Each structure stands twice: as structure tokens, then as C-alpha cells.
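So the protein lines, in turn, are chains A and F. Quick note, the first sequence lines up with residues 696 to 747, 751 to 984, 1006 to 1019 if you use full-length UniProt numbering. Quick note, the second sequence lines up with residues 696 to 747, 751 to 984, 1006 to 1019 if you use full-length UniProt numbering. By construction, the Cβ of each residue, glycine as well, lies at the ideal position given by its N, Cα and C atoms.
2 protein chains.
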Amino acid sequence: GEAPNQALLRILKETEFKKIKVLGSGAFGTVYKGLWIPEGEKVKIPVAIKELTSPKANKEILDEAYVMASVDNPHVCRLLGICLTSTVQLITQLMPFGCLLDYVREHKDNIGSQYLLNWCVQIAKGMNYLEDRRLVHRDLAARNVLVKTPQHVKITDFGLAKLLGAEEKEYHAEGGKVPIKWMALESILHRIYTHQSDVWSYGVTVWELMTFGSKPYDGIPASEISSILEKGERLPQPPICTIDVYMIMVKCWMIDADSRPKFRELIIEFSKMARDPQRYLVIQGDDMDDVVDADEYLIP
Amino acid sequence: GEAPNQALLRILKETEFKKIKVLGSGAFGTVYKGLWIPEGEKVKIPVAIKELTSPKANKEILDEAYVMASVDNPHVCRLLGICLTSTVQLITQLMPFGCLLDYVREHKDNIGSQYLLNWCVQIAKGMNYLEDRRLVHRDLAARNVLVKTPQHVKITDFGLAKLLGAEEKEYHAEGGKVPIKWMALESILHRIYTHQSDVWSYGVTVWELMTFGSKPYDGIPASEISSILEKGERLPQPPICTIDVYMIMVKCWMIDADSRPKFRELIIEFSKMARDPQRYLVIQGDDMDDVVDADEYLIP
Ligand SMILES: CN(C)CCCC(=O)Nc1cccc(-c2c(-c3ccccc3)oc3ncnc(N[C@H](CO)c4ccccc4)c23)c1
Ligand SMILES: CN(C)CCCC(=O)Nc1cccc(-c2c(-c3ccccc3)oc3ncnc(N[C@H](CO)c4ccccc4)c23)c1
């Protein structure tokens, strides 16, 4: 009827792995840095460990496990396993440089156009993988893209992700509590989510990167966003962005979802731009200008 | 009778230059970071400014000015000028990375053998220049070599330097107060200073670099150093040093000063070693070893 999901859910013993330090905490619970040492082999795998014993929350962690266990792509984070302790723990590959949002914020002065454009390509590849797997992410943002190395990023945080049937094109949400400033207008108005609603969020994610981590609609409270977007207002053209790049962003933000580009198209277009990055992003780097070194100023 | 010293002593107005920050203070006085802007030209020269009104000290500052004004070489710091304020100020090119001693101490983990050996060559070139100018430095150490860039260092601090006559081979000091752990044995015993006594100090300076800024004879008080050296004891072979390199150090430390190498020989020998650095210095860089990244550990 539909393709059997034959993904393997690996169960790990708590004794196999070692918590080293807390990486962060919040409403999601807390995330630890750790080492995972399977008894049989001589390997030590660096890992991130996530835990929250509420009933609804336990169901949600396992829903997140299902999705991470079912994805396998170089630009998306996979679940390594779970540990069934007093509270359930998710285990995944450590992404040492943290989320991309924080990375761009505290490396503005050393991030070149080659890296910005390559990230855009990589995220588009991960999303296209997810689309092929009939999976709608529903929470794409710079904070949900992690950095394994500065040249390799991965999509993560599938806590809102939803699978789709072969005979199904959208997902009608309920209750909500979704990040408003990253979601498509049809999602705000009618709680509809598509692969093309993820493309909107991709647009906003790209906007974050090009603005080096600025908050979208900084001065605006969530309740207005709907009407602003209804009026035809969008995120402004970032300083470093040529019209070429900003045109792609704007295309991701059109009312007619089918008019928006597909992730495979976005891969291609950003791939093209990555071949000649300084034509498409204008960055200063890539105090006074009359300064001269003493041993080039010779006796007059 | 002897070669006229036709060096120019440039006098600068205090209004020409701008103190930006104190770089350091001590018995020498204080040194400021600054910018020098000659009124006529559109240049802004980064400079270091040094001031101490004692009578003997004023004579000494001017003696230091004489020497710095009389040297011109890429591996020695020249005097740009002096400013005749309430107290006299020496002005020279800023060496932004500070003294080499501090540099090696706080970059151990990122200093490769190529840099260590090249520095050794550069210092030897500067000293050979000084020898040609008939000038005996008398205070060569890692602290008196400044870093313009990580790949270009310069000799400085001529406060003990002495000029020599064409018919003269040594300098008999008086009073003293000279750094004991860097000076040759004949200087400790008989207050004699030569170009070959500077070579001893060069040996100790190289030892500092190869030990990444260790204090020579760390546990020993100054009064013993004479007898230790008299007994045949020397600084130990640093961990990273091949016998080839340590042999050069030891040669710099022989009783018979004429047996010690000349700076021109030291230039050559270290130059040769700089062509294949990892043959002559063994450094680890140039936690566990069973660590494996999660996306190279595939499902068993
Ligand atoms: C609530 N979310 C929608 C927003 C997530 C933003 C966030 O705070 N992410 C986050 C928080 C804490 C840790 C990590 C994380 C890090 C990390 C490493 C160094 C410094 C800072 C963060 O590395 C990671 N590697 C893999 N996953 C990570 N976190 C996700 C959950 O965000 C995760 C999911 C499942 C299992 C393990 C970890 C991570 C990532
Ligand atoms: C007492 N001496 C035998 C030991 C000197 C060790 C020392 O403290 N040197 C020192 C002290 C203060 C400033 C400098 C210096 C720096 C510098 C820059 C950044 C951070 C730290 C230090 O840069 C310099 N560029 C040129 N000369 C410098 N100092 C020498 C006197 O050490 C100097 C001599 C004459 C005029 C100006 C400066 C310097 C160098």
C-alpha cells in the first residue's frame, strides 16, 4: 500500500556512553556533549545526548526519534540510537560548532561569500532529500541547521516534522505553537504545510545567513506578521546581496506556493552562484587607508 | 681616523604623533602604542614611543638613541626620531606582536619548525649586521627580539650596546648589572664583551625559542651560574631538538670564544636546516587516537 519503513531503531545502554558537559538547556530539555564507546569495537564516537517524565512529551520525543531514525543523507542529522533510562534519551552525532545561526553571528568578520553560498546549496540538498522522503520539516531556520565543520552543515530538529502519504500533498496542523516569522502565509492563515511551505522557511533561513544572523521582522510582534505579509511586505534586501540572490529569496515568498522554486532548482541556482561567489555576494573582507608601515616610509 | 657617523637624528614635534595606549611599564620607563602623522605628507605611521628626569638616565636614553639612529637593516629596529619634551622620548616602528619570548610562550601549540628555524636565521642576520657595524649588543635575549609579523622578527633594545674602534677587539665593562644567565663566562669573570660573547647569548636565545620560552637555569640563583658554567655544565638539550641543532647551541657555549661560530656561519647552517625543517626539529603538531566520527562508523 505504501513503502514499508525498515529503518533500524538501535537501543543503547547508558553504560556505553559518557556525558562530558551540558551544551544547552530549555523547553526542549537539555543537550549534553558525550562520547559513545560500543563495548565490542575499538571506536570512540563523539555524540550529542538529548533528554527532557510528562506523558505528552514522551510521545513527542519518540515521534522525533522515528523521523531521525528514518533519514540518511550527508546534509541531515540521523539518529544513532535511543537510551531507555528513567527518561528517554536521543543520541546523535555531535556537531561541534553548534547551530549555524550562532556561528554566523560570532564570525561575521571571517565568513566569506563562498561559505554562505555553499551552505545555501547544502541546506537545499538536505531539504530536497527530505522532500524525496515525503517529509515536511515544518521548522526550518538557521537555529535548526548544525555545523559539523565550517564547510559542512546539516539539517536537524525534526520535532515538528510530518510524514506524507503517496496520495497526500499537504498537512493540516492543529493547536499550532509554530515559529510565525519563518512560516508561509497559507500556514499562518489555514494551518497548511507543504514542501513549498518549507521553501518559504528556506527563504527566511537564507535571509538570516546573508544578514549574518539578524532577527527577521525584529521590531514586529508575532500577531502582526500575518497582515504585514498579506499587505505584500517582505524581508528587506540584505546589504551584501545582489539583486540576483535577493530575487531567489523573494521567489520563495510568493503567495502562490507552486510559483515558489523547488529545492532541486534552488540547489542548481545556488550551485551556479558558488562557482563565482563574489559576483553574487558583495562583502568588504573577502582604522585608516592612509596608514603606512615605517619601513616603507623612507627618509625624505 | 675612523669612519664618520653621518646618521641623521630626526627631531619630531609632540603634535605630530598620538599616544593610543600603554604597551608596558617598568624600570625602563613606559612604552606607548601610537600613530605618527607628519604634517606635510598623507601618511599615518604606527609607532612605539618610549620615555622614562634623572641625570644619569637622560644620558643613557640618548646613548640608546645614538645606537638606534646608527643602524639600518631589515632585522634590526631603527630609531625614527626623538621628541624633546619635559622628558626625552624615543620613537620607533611599532612591532605589533610584541617580543618573541612572549610570542613563543602563548603560541606553543601553533609554532612550527619552519618558523623557529627562520627566526634563528633572521636573528643571526641582524647580529651579523651589528658585527659589521662594529657593534656589540651585550643584551641579546628572546625578550629583546620583537615580532613585526610572525614571519619577520627584529633585534632591539640597544641600552647596553657598545661601539668598537677599528683597532679594538673587546669592551671592558664597569659596574655591571647585566643579565647573568645570557652572558658568556669570560664576561661574568672578567667583564669582557665581544662579538663572540654575543654569540653565547645567541645560543641562549635559540635555547629559549626551542623550549618555547622556558627560563634558563630556572631553579638557579644568579650567583651560582659562574661556577656551574666553570664546571662544564650547560643548558639541557630541548625535547624538540635533534643533536644537529643542539650541537650548534653547545658550540656557542665553549670556553674558547674563538672556537664559537661566527654569526655568518650561523646564518648558513640554520639556512640549510630551514630547507628541510622537520629533519632538524621534531614537533608533535607540525583526547584519544581511537576516536571515530559518527558518519564513518556505519551500522554493524
Ligand atoms: C528548540 N529547537 C527548535 C531549536 C534548537 C536550537 C538549539 O538550541 N539547538 C541545540 C541546543 C543544544 C545542543 C545542540 C547541539 C549541539 C551543540 C554543540 C556545541 C555547541 C552548541 C550546540 O551539537 C549538536 N549535535 C547534534 N544535535 C544537537 N542538537 C539536537 C537538538 O537541537 C539534537 C537532537 C537530537 C539528539 C541530539 C541533539 C546539537 C543544538
Ligand atoms: C628592559 N629590556 C632589556 C627588556 C625589554 C622587554 C620589553 O618589555 N620590551 C617591550 C616593552 C614594551 C613595549 C615593547 C614594544 C612593543 C610591544 C608591542 C605590543 C605589545 C607589547 C610590546 O612593540 C615595540 N616596538 C618597538 N619597540 C618596542 N620596545 C622598545 C624597548 O623595548 C623600544 C625601544 C625604543 C623606542 C620604542 C620602543 C616595542 C617592548
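By the criterion of Cβ-Cβ separation under 8 Å, what are the contact partners of F/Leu778 in chain A?
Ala1013
Could you name the residues of the region 786 to 803 of chain F whose beta carbon sits closer than 8 Å to any beta carbon of chain A, in the order they occur along the chain?
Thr790, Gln791 and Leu792
By how many angstroms is the C-alpha of F/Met793 removed from the C-alpha of residue 749 of chain F?
Residue 749 of chain F falls within a stretch that is absent from the model, since chain F runs 747 to 751 with no residues between.
Flag this pair as touching only if the region 835 to 846 of chain F and the region 866 to 878 of chain F have three or more C-beta atom pairs under 8 Å; answer yes or no.
yes
With a cut-off of 8 Å, do at least 3 Cβ pairs link the region 967 to 978 of chain F to the region 813 to 829 of chain F?
yes
Who are A/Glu746's beta bridge partners in DSSP?
A/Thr725
Would you decide whether F/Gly729 is buried or exposed? Buried here means 16 or more other CB atoms lie within 10 Å of its CB.
buried
Which chain A residues sit within Cβ distance under 9 Å of F/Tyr944?
None at all; the shortest Cβ gap to chain A is about 34 Å.
Which chain A residues sit within Cβ distance under 7 Å of F/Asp1009?
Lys737, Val738 and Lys739
Would you identify the three-state DSSP class for F/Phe856, choosing helix, strand or coil?
coil
Would you check whether ligand 1 has a heavy atom nearer than 8 Å to the C-beta of F/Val738?
no
Label F/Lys757 either buried or exposed according to how many other C-beta atoms from any shown protein chain fall within 10 Å of its C-beta, with 16 as the threshold for buried.
exposed
Taking A/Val786 as the reference, which of A/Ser768, A/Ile744 and A/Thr909 has the closest Cα?
A/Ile744
Following the continuous beta strand (DSSP E) through F/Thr790, name the residue where it begins and the one where it ends.
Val786 to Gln791
F/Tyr827: contacting residues in chain A (beta-carbon distance under 8 Å):
Those within 8 Å of F/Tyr827 in chain A number zero; the least Cβ separation is about 14 Å.
To the nearest angstrom, report how far apart A/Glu931 and F/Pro741 are at their CA atoms.
49 Å
Residue-chain proximity (F/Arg831, chain D), Cβ-Cβ < 9 Å:
No chain D is present in this structure, whose protein chains are A and F.
Evaluate the contact criterion for the region 799 to 807 of chain F versus the region 856 to 875 of chain F: three or more CB pairs, one atom per stretch, below 8 Å.
no
For A/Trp951, the three-state DSSP class (helix, strand or coil):
coil
For A/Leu703 and chain F, any beta-carbon pair shorter than 9 Å?
yes
Which residue wins for smallest C-alpha separation from A/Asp956, given the options A/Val845, A/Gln894 and A/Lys929?
A/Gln894
Are at least three pairs of beta-carbons, each pair with one atom in the region 903 to 914 of chain F and one in the region 812 to 819 of chain F, less than 8 Å apart?
yes
At 4 residues or longer, and completely inside the region 799 to 832 of chain F: list those alpha helix (DSSP H) runs for me, N to C.
811 to 830
Have a look at A/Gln849 and A/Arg977 and give me their C-alpha separation to the nearest angstrom.
20 Å
Cross-chain neighbours of F/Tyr764 in chain A, by beta carbon under 9 Å
The premise fails here: F/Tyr764 is roughly 17 Å from chain A at the closest Cβ pair, so nothing lies under 9 Å.
Using only the heavy atoms of ligand 1, determine whether one of them is closer than 8 Å to the beta carbon of residue 748 of chain A.
Chain A lacks coordinates between 747 and 751, the interval that contains residue 748 of chain A.
Cβ-heavy atom distance, F/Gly721 to ligand 2, below 8 Å
yes
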